[PDB]
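A.B. asks: Below is the structure I would like to discuss, written out as structure tokens.
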Number of protein chains: 2
Amino acid sequence: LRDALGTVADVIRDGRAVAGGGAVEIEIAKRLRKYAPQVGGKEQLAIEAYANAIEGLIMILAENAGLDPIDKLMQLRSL
Amino acid sequence: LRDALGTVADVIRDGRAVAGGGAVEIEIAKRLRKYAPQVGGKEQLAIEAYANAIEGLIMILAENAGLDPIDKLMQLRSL
Ligand SMILES: Nc1ncnc2c1ncn2[C@@H]1O[C@H](COP(=O)(O)OP(=O)(O)O)[C@@H](O)[C@H]1O
Ligand SMILES: Nc1ncnc2c1ncn2[C@@H]1O[C@H](COP(=O)(O)OP(=O)(O)O)[C@@H](O)[C@H]1O
């Protein structure tokens, strides 16, 4: 209850809100793979890696729901 | 000389010709990364790998010319 109250208060003081289904994370992955070709130096291999690694989060979250993760990941990204 | 003659004959009987600077290979890599999202199944991870592996050829060829390969690869792909 005190944790829930604090959670709500942090919403109140943000005034804004986001989804949580890992979908915030996947959308970040889609902005990143469009920013990285503008930088183009050796640094590019680092940003492409970062996007792939944060896409690596929901791949774990699905595995705790017992789904076969790779197949659900590709289906999700396709949608 | 007999190898050169045979090389020419294979051109004559093709009637068509291509560059050789590894650039044929890099252009294939650019078609592939545009075909793969249409397939979309788990098979996608295999085609993206294939494109990355054939892009892995000229990375070796530059190393036999002593250049630092990664930097020349990124510069080439950017061009
Ligand atoms: N019921 C749920 N359905 C889907 N995603 C959830 C659910 N509960 C939590 N999440 C997601 O799990 C992550 C939060 O992990 P969690 O262990 O709950 O953190 P905390 O322990 O700090 O609450 C976020 O991606 C959140 O949106
Ligand atoms: N002088 C060169 N400059 C650039 N690329 C070259 C040159 N000579 C060969 N290549 C490339 O090297 C590859 C051919 O490798 P090579 O060892 O010559 O095969 P082979 O021994 O059968 O002739 C192709 O990509 C070809 O275009």
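If you're wondering about the labels, chains in the structure tokens are A, B, ... by order shown, residues count from 1 in each chain, ligands from 1 in order shown.
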Would you name the residues within 6 Å of ligand 2, counting only C-alpha atoms and all ligand atoms, and put them as a count of residues only?
C.D. replies: 3
A.B. asks: Identify, on the basis of only C-alpha atoms, every residue whose closest approach to segment 25-37 of chain A does not exceed 7 Å; exclude the query and any residue fewer than 2 positions from it along the same chain; express the result as a count of residues only.
C.D. replies: 10
A.B. asks: What residues in chain A lie within 12 Å of chain B, counting only C-alpha atoms, written as a PDB file with C-alpha atoms, in the first residue's frame?
C.D. replies:
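Once everything was written out, this is result-v8.pdb:
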ATOM      1  CA  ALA A  36      22.641   5.198 -35.934  1.00  0.00           C
ATOM      2  CA  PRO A  37      23.277   5.495 -39.723  1.00  0.00           C
ATOM      3  CA  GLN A  38      23.599   9.250 -39.372  1.00  0.00           C
ATOM      4  CA  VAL A  39      26.604   8.871 -37.020  1.00  0.00           C
ATOM      5  CA  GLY A  40      28.347   6.363 -39.267  1.00  0.00           C
ATOM      6  CA  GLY A  41      31.774   6.177 -37.614  1.00  0.00           C
ATOM      7  CA  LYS A  42      33.085   3.177 -35.695  1.00  0.00           C
ATOM      8  CA  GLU A  43      30.740   4.469 -33.030  1.00  0.00           C
ATOM      9  CA  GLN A  44      27.924   2.998 -35.147  1.00  0.00           C
ATOM     10  CA  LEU A  45      28.771  -0.551 -34.049  1.00  0.00           C
ATOM     11  CA  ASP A  68       9.462 -19.682 -26.607  1.00  0.00           C
ATOM     12  CA  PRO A  69      11.106 -16.263 -26.735  1.00  0.00           C
ATOM     13  CA  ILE A  70      12.593 -15.939 -30.200  1.00  0.00           C
ATOM     14  CA  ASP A  71       9.389 -16.695 -32.022  1.00  0.00           C
ATOM     15  CA  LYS A  72       7.351 -14.276 -29.943  1.00  0.00           C
ATOM     16  CA  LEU A  73      10.028 -11.631 -30.360  1.00  0.00           C
ATOM     17  CA  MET A  74       9.959 -11.827 -34.152  1.00  0.00           C
ATOM     18  CA  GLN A  75       6.178 -11.851 -34.214  1.00  0.00           C
ATOM     19  CA  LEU A  76       6.106  -8.799 -31.962  1.00  0.00           C
ATOM     20  CA  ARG A  77       8.665  -6.859 -34.000  1.00  0.00           C
ATOM     21  CA  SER A  78       6.807  -7.732 -37.194  1.00  0.00           C
ATOM     22  CA  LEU A  79       3.610  -6.291 -35.701  1.00  0.00           C
TER      23      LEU A  79
END
A.B. asks: To one decimal place, how far is atom CA of residue 6 of chain A from atom 22 (O, counted along the ligand's line) of ligand 1 in Å?
C.D. replies: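 Between atom CA of residue 6 of chain A and atom 22 (O, counted along the ligand's line) of ligand 1 the gap works out to 12.0 Å.
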